[PDB]
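Input: a single structure, listed below in structure tokens.
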Amino acid sequence: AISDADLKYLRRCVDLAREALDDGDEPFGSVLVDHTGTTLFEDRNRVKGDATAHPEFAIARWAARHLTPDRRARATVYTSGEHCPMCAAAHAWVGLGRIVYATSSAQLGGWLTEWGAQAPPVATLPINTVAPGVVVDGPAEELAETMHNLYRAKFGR
Amino acid sequence: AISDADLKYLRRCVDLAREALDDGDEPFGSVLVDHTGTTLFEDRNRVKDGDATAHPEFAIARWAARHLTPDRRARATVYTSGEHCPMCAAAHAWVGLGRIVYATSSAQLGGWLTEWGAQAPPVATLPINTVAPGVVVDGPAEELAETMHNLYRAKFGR
Ligand SMILES: Nc1ncnc(=O)[nH]1
Ligand SMILES: Nc1ncnc(=O)[nH]1
Ligand SMILES: [Zn+2]
Ligand SMILES: [Zn+2]
């Protein structure tokens, strides 16, 4: 179950990943959405400061800065690509709720290997390995090609 | 590979974890040190003020990228009272910092929390090398095990 509504948000994350790519950054987009449906915060990759400038992390801090603990747990975080261990840990520490992702990090690491790309210094661990009690849906089969192409644009070799 | 020199820094991290506790935070201290032996940055836990991600090992990771060069970062070592959590280990690896030395492991911490009937943290107690495979990791320090058991107990046994 990835709902027709979820898809709407994952597509938006993909738009944001595109946006990041066009500005010279890595293609990752993420979106914070309250239990109501109102979209509270949108972000994308900004590595062109530290290599840690991931949207999913920036949401985690925004979630702590402006929401109450009860709100956070009722929120959902959509993302173009599955949270990396930094981002999943952060999500769990601030006690955010659901995660939905369009491609897995399994998908991504496979494709990097295909392109002979530098295997990242952080392991492509599933979210549930890092944050065991988070509810996780993903990946989305409809967006797999789209993301494969997006990732290729930045990591193909 | 806990050298005498390393211990000096781990004791300093413990002092910092104590400073955090006293001020009403969780007892975690960490210290950034260049090859030269000059201590570039010191920090401790700051989660009371509101944010559960306010870990000193992460704050070093960002300080390391804003203020050093990549070659200096790999050159550097990060000491910590308690083994880096997955957030912090990942951050360390992303910014390409070098060695990590830790006084207690997370295996130690989780085993105590269970000993005290404490709630497990929402993030799993993964070794650093599970998250950041190519980081050089020394720790734990037998001399500081009792000290940290008691410190952790003070916050997480009550
Ligand atoms: N999941 C993830 N890995 C790497 N960079 C990111 O922005 N996100
Ligand atoms: N590693 C770690 N766990 C919890 N709090 C911290 O400041 N650090
Ligand atoms: Zn991440
Ligand atoms: Zn941490």
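Bear in mind that the values in this text are calculations on the coordinates, not laboratory data. Note: ideal-geometry Cβ built from the backbone for every residue, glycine included; neighbour counts use all protein chains shown.
Here B:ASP22, A:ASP6 are placed in order of increasing Cβ neighbour count within 10 Å, fewest first, which gives B:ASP22, A:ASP6. Counting only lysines at least 8 places from A:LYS48 when in the same chain, those with an alpha carbon closer than 17 Å to its own are A:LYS154. At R0 = 30 Å, how high is the FRET efficiency between B:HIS35 and A:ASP137 if r is their beta carbon distance? Nearest 0.05 is fine. Computed FRET efficiency for B:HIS35 and A:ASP137 comes out at 0.05. Along the axis of the charge dipole computed for chain B (Cβ charges of +1 for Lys and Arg, -1 for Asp and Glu, origin at the Cα centre), the listed residues B:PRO127, B:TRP63, B:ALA1 are led at the positive end by B:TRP63. As a proxy for reagent exposure, ranking A:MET147, A:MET86 by other Cβ atoms within 10 Å from fewest up yields A:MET147, A:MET86. The label point for B:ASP49 and the one for A:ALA106, both projected 7 Å from the Cα toward the Cβ, are 4.0 nm apart.
Couplings 3J(HN,Hα) for region A:97-112, derived from phi with the Karplus relation 6.51 cos²θ - 1.76 cosθ + 1.60 (θ = phi - 60°), are x, 5, 10, 10, 10, 7, 10, 7, 8, 4, 4, 5, x, x, 5, 4 Hz, where x marks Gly and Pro.
Ranked by how many other Cβ atoms sit within 10 Å of their own Cβ, fewest first, the residues B:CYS88, B:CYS13 fall in the order B:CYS13, B:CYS88. DSSP bridge analysis restricted to chain A gives an antiparallel fraction near 55%, rounded to the nearest 5.
Once you have a ≥ b ≥ c as the square roots of the Cα gyration tensor eigenvalues for region A:1-145, tell me rounded if a/c is under 1.5, and otherwise prolate or oblate according to whether a/b is larger than b/c. Write down the numbers at each step before the final one.
On the way: a/c = 1.42, a/b = 1.36, b/c = 1.04.
It is rounded, given that a/c, with a ≥ b ≥ c, falls under 1.5.
Rounded to the nearest Å, what's the spacing between the alpha carbon centres of region A:1-30 and region B:23-72? Just the number, please. Computed from Cα coordinates, the inter-centre distance equals 32 Å. The charge dipole of chain A, taken about its Cα centre with unit charges on the Cβ of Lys, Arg, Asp and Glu (plus for the first two, minus for the last two), comes to roughly 380 debye. With K and R counted +1 and D and E -1, the other residues having a Cβ less than 15 Å from that of A:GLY110 yield a net charge of -1.
Shown in residue order for region B:114-120 are the 3J(HN,Hα) couplings computed by the Karplus curve 6.51 cos²θ - 1.76 cosθ + 1.60 at θ = phi - 60°: 4, 3, 8, x, 7, 4, 4 Hz (x for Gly and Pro). Residues in region B:124-136 carry Karplus couplings, in order, of 6, 7, 7, x, 4, 5, 5, 8, 10, x, x, 7, 8 Hz; the curve used is 6.51 cos²θ - 1.76 cosθ + 1.60 with θ = phi - 60°, and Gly or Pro positions show x. Could you give the dipole magnitude of the protein assembly as shown about its Cα centre, charging the beta-carbon of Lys and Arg +1 and that of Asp and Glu -1, in debye to the nearest 20? The calculated dipole for the protein assembly as shown is roughly 320 debye. Computed over neighbours whose Cβ is under 12 Å from that of A:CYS87, the net charge equals -2, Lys and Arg +1, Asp and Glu -1.
Taking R0 as 30 Å, what FRET efficiency do you get between B:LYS8 and B:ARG158 from their Cβ-Cβ distance, rounded to the nearest 0.05?
After rounding, the FRET efficiency stands at 0.45.
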